[PDB]
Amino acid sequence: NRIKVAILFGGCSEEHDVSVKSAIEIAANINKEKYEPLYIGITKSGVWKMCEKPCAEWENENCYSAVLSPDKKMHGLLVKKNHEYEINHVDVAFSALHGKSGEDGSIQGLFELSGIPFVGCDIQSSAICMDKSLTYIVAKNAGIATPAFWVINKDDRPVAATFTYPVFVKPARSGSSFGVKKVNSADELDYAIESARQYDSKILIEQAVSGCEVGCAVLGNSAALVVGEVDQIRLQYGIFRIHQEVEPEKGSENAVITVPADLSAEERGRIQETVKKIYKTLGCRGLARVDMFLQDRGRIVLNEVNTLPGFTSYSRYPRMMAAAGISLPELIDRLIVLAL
């Protein structure tokens, strides 16, 4: 008897497509002798459908109305396959949504109502990692260095001449680099601010952090954390934004990612231990990808924490995992077992 895994993807969110790709690789690797996956696509306009498999043409006549119910006795989906909505049991739920709806505690809220065990972070930790400002606040309180930043509310009007350049401008709650800009001088502050506001009514302005990006993929609950190899992004210019590029699977035009990171084993361990505390400080479980800056002084600053990280074929986390000897199938399985 296969464990019935609802795998949610798509979503009403600008990262919709990254999500569809995350889902296409999960589908292609989960072990189907042990798991019976139910694919729940969420369209961009927020419509829920059960389909056959995730793909770029996932929306099709064969799909049908299927939601996750909040009701604990149903513990499952309400599906319309014939002329009638029927209840189908789910053993466990693995959402692959990214960003809005998916990592911001929203889907976690339904999982919680349903009583259906699920993969990864709970509500409050998804809400804390999603709002970058909220994440710096909890991170500072635990004693984790972070960028200096200013929250720009909807009605605010920062005066540009007051900052020191460069700066980064960005939505408080997006991902995949939607709305992010390196800002080099004052007359571009506004344009950047308005762009970040296409994605959230509240945006942040960060001091630039120097150095390079070092990431750490983490797996587990509180008592025992498994980390993959540390990765490193070096940028020839601009910012990291692989999913915004044309043909991302072909390699980035401005960024080079090395794994393991080209750093001693002492430096890499250090980055991992830092990632573990960030993770514990935020109250994460299951998985998250902890992204950091490694300054030339060698000190580690938090960048952000991505709780439901990309699983695309050119994604950071599965890659960090495979390099530590955990391939995707085994990854998927341990995540599901940790949910159970």
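Sequential numbering from 1, following the sequence displayed.
For the pair 154-162 and 169-177, the record assigns the higher mean C-alpha temperature factor to 154-162. Mean C-alpha B-factor is higher over 242-250 than over the other stretch, the pair under comparison being 120-128 and 242-250.
In this structure the maximum Cα B-factor among 95, 106, 135, 222 is found at 222. As recorded in the PDB entry, 255 shows the highest C-alpha B-factor of the residues 74, 255, 218, 205. Among all modelled residues in its chain, residue 35 ranks in the middle third by Cα B-factor. When the modelled residues of the chain are ordered by C-alpha B-factor, residue 296 sits in the highest third. Ranked by C-alpha B-factor against the other modelled residues of its chain, residue 111 falls in the lowest third. Sorting the modelled residues of the chain by their CA temperature factor places residue 280 in the lowest third. For residue 290, the recorded CA B-factor ranks within the lowest third of the chain. Only modelled residues enter the ranking.
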